[PDB]
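In: generate a structure from the sequence data that follows.
(one chain, ligands or ions: 3)
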Amino acid sequence: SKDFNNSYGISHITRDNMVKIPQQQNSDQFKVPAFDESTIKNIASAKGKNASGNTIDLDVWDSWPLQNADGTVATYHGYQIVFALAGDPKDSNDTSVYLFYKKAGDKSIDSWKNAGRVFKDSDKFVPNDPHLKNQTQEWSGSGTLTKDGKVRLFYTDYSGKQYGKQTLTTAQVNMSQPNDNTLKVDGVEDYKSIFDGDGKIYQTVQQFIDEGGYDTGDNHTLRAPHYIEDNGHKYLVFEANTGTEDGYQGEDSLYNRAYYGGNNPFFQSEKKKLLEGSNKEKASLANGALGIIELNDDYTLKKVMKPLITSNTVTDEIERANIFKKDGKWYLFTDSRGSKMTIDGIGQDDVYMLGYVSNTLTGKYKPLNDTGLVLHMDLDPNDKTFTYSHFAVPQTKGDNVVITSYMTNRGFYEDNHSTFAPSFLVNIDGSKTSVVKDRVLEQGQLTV
Ligand SMILES: [Ca+2]
Ligand SMILES: [Mg+2]
Ligand SMILES: [Mg+2]
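Out: Numbering: from 1, shown residues only. Ligands and ions are numbered 1, 2, ... in the order given. Below you will find the coordinate block:
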């Protein structure tokens, strides 16, 4: 193995940037705001029935608003809509997409109503599809309001029985209004798998199985599809991992200057450190990516594209892919936990949102705030005001985005269930971002 430099024509989250985060993160510029613990409520309408027909107060975690094509929050027949994962706090494998809704003008968490699950259990068996019949959980995605006024959902088909296989999936959700304050899910159609990896550009579950599966410490991902449009084309941007031809995992990746950045002396010392320490194996296996595919207008796969950015050597897990245009530029964001990173000074409690900017959709992504740090949340997982899945929601006017997240870990408290965190504001200006210090919003608030 010899030193080399191959970018594979894509951008990279680099070690030289990540190593600076520990000394940079303890600043009001990046810190997720301290939240008012005493006033946090559960989502009162987050109730579901189980197989025995008993009503349960649900945990409600990763959530996403129904968006216009440009990323702004849609208004659907006078409502804002939020899709969210939810289930029984007592069953960590009970995960379904629910549809919540609130009158556009209303603001309080109490004004969020629950239209119930998007899918019936029987729905997955209806279409002629190679994957849906194997689904065991419904994981996160995105939602777009089409120009024809249709509710178009993207989510992740997770299959515990197929070694944690994850498939980008879509459906149209048919809605009606039986009265003035109710939205009803009538059913779904055009329900189908879109993409489950190819092997060369993005890792497949089969690659995961063949290398030896869970015992290996590899973490296979293919999830959180986020819909965008760019000048007549439609895309999904999603969490994945590289395939064999765009810089795969492997001991050889540790010799690729592209993943280190900085200059030769840093690359030599950091490489040596990696090879001699207990991060070697995890760094080798680390090949996270924010992938992109183009879709046809019927939401089928049109083209598998090279990733926008990767985290080779740094982590296998860059989550909650998010991307939108602001000021003529494309901003790209991802959530990532320090516990899965291989960076000195980043620890078990550290959770981040990282951000990058490009002049074009597939162009070079450069880090925001020099290192790529946007948000830092380090509260212990037991903290009631622990937040996760931070998501930047672009706005119609101004330079602020709204950050949504879920609050309180799943199943951690008898009375305090995973719920909508109070939303907050981040300023975006060129390659700089800053948390807006003197404002907090309602729990689950999407727009200002
Ligand atoms: Ca990997
Ligand atoms: Mg504060
Ligand atoms: Mg396939």
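In: got phi/psi on the residue of the stretch 51-200 of the chain with the smallest separation from ligand 2?
Out: Going by C-beta to the ion, ligand 2 is nearest to residue 109 of the stretch 51-200 of the chain, at 19.6 Å. Backbone N, C-alpha and C define where each C-beta goes, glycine included. When read as degrees, to the nearest 10, the backbone of residue 109 gives phi -50, psi -30.
In: is residue 187 in a helix, a strand, or coil?
Out: Using DSSP: H, G, I helix; E, B strand; the rest coil, the structure places residue 187 in strand.
In: list the contacts of it.
Out: residue 174 (C-beta atoms under 8 Å, 6 or more residues apart in numbering).
In: which residues does it bridge with?
Out: Per DSSP bridges, the residues bridged to residue 187 are residue 174.
In: related to what we said a few turns ago, surely the residue of the stretch 51-200 of the chain closest to ligand 2 is in contact with residue 420?
Out: Yes - applying C-beta atoms under 8 Å as the test, residue 109 and residue 420 come out as touching, 6.1 Å apart.
In: nearest residue to the residue of the stretch 301-448 of the chain found nearest ligand 1 other than its sequence neighbours?
Out: Nearest to ligand 1, among the residues of the stretch 301-448 of the chain, is residue 316, at 4.4 Å (C-beta to the ion). Closest residue in space to residue 316, ignoring its immediate chain neighbours: residue 219 at 4.0 Å, by C-beta to C-beta, 6 or more residues apart in numbering.
In: so what's the residue of the stretch 251-400 of the chain found nearest ligand 2 closest to, chain neighbours aside?
Out: Closest contact between the stretch 251-400 of the chain and ligand 2, by C-beta to the ion, is at residue 385 (11.5 Å). Leaving aside its sequence neighbours, residue 385 sits nearest to residue 35 (C-beta to C-beta, 6+ apart; 4.2 Å).
In: wouldn't that neighbour be in contact with residue 421 here?
Out: Yes - contact between residue 35 and residue 421 holds when scored by C-beta under 8 Å: they sit 6.9 Å apart.
In: quick one: which of those two has more around it?
Out: residue 421 (29 against 19; other C-beta atoms under 10 Å).
In: got a list of what the residue nearest to residue 385 touches?
Out: Counted by C-beta under 8 Å, 6+ apart, residue 35 has contacts 385, 387, 407, 421-422, 440.
In: go ahead and confirm residue 316 touches residue 203.
Out: No - Residue 316 sits out of contact with residue 203 when judged by C-beta under 8 Å, with a separation of 9.7 Å.
In: between the two, who's got more neighbours?
Out: Ranked by neighbour count (other C-beta under 10 Å), residue 316 and residue 203 place residue 203 first, with 29 against 25.
In: got the contact list for that one?
Out: 197, 220, 222, 240-243, 248-249, 287.
In: quick one on the thing from earlier: between the contacts of residue 35, identify the one with the most neighbours.
Out: Neighbour max across the contacts of residue 35 (other C-beta under 10 Å) = residue 421, 29 neighbours.
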